[PDB]
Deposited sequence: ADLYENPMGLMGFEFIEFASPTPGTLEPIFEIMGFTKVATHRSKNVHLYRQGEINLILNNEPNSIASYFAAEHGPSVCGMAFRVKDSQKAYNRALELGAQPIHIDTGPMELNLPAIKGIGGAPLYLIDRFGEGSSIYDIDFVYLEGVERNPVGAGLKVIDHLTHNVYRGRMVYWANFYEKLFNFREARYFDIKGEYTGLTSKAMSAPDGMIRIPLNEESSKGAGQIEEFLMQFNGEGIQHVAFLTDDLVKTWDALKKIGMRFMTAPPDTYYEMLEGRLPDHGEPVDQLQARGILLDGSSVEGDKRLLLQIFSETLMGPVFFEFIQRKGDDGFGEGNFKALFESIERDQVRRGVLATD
């Protein structure tokens, strides 16, 4: 696959799964982020929200793996599916390499989803059914009558990355996990972090241990996914699209963050006034634009990124943001 040795035939993110011990707390979060309910499971209280190529699964099955996850962690990403070319080739290798299976209970005439124990114990699914017509959603879900099958929403296209926050000294443990099992490699350049990149060139999972990280671990009651980043081709248009449907972003940087923009990023070319009108951040000629939601699902938040050459994660915005509240 695309990048390097993909002995697991990873083909990108398939879905991410959410659940909440409190009803009606996840549905409005999906809507303000431009996602559309498009299908409901054939027999479980489980729902599919879509935007672009992003599949968001809302799991409200009671007495389930996901509800036990939610009861301990609160509103959360409790599951994460990887696309693979052959789910048995990968499920059996992962167990041979020592992965722990998690049994997801499956109803009659429904698909058996193979899953292993992942970050915080959340299932990591290996799904080899995909595409319109043959995907797991066509088989086990029922689409709403006459609803647009592939909503575009506010222009989020893919999951660009999601992070894991991990306790002090666990990052080598979770780096090993993704290396040994999926042939992830840390990309490496040049707060402590390891950008784990998958051989498919689509899955990126950065790992953080520490403030900001320690507060997540306490509020989340464990390791887990701290933020999911959605890619868009035009963050500025996406920004306006999201704000008109109720999106709440991190409060904008002080204006002095934009005076330095030409200083720290000569000839970036971006309309400075449009980014400042919306508090959009910038890092990079390889460039990227990004902006964050507030914490919406406990301490879990969301990122919206547009890449203009830069393949990083906006790390330079810590120095930029701090040294802007230094002159303001």
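- Gaps in the coordinates relative to the deposited sequence fall at 191-198, 219-223, 298-303, 348-357.
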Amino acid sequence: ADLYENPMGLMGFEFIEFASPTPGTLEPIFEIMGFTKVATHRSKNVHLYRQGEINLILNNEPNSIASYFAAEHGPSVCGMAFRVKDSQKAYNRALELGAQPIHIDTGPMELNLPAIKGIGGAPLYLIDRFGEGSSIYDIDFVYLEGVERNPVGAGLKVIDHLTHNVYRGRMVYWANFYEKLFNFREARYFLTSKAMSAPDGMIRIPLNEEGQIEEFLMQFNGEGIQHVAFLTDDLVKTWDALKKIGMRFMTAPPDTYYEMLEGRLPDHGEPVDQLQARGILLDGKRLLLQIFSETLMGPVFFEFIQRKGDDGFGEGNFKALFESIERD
From here on, numbers count along this sequence of modelled residues.
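- For the two regions 49-57 and 266-274, the entry's Cα B-factors average higher over 266-274.
- Look at the C-alpha B-factors of 175-183 and of 221-229. On average they run higher in 175-183.
- Listed residues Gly211, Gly121, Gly74, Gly79 were ranked by CA B-factor as deposited; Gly211 comes out on top.
- The top Cα temperature factor in the record, among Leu287, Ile291, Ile32, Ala70, falls on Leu287.
- In the PDB entry, a CA B factor belonging to the middle third of its chain's modelled residues is recorded for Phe141.
- The PDB entry assigns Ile16 a C-alpha temperature factor belonging to the lowest third of its chain's modelled residues.
- Among all modelled residues in its chain, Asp160 ranks in the lowest third by Cα B-factor.
- Annotation for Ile205: C-alpha temperature factor in the lowest third relative to the rest of the modelled chain, per the entry.
- Annotation for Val300: CA B-factor lies in the lowest third of the chain's modelled residues.
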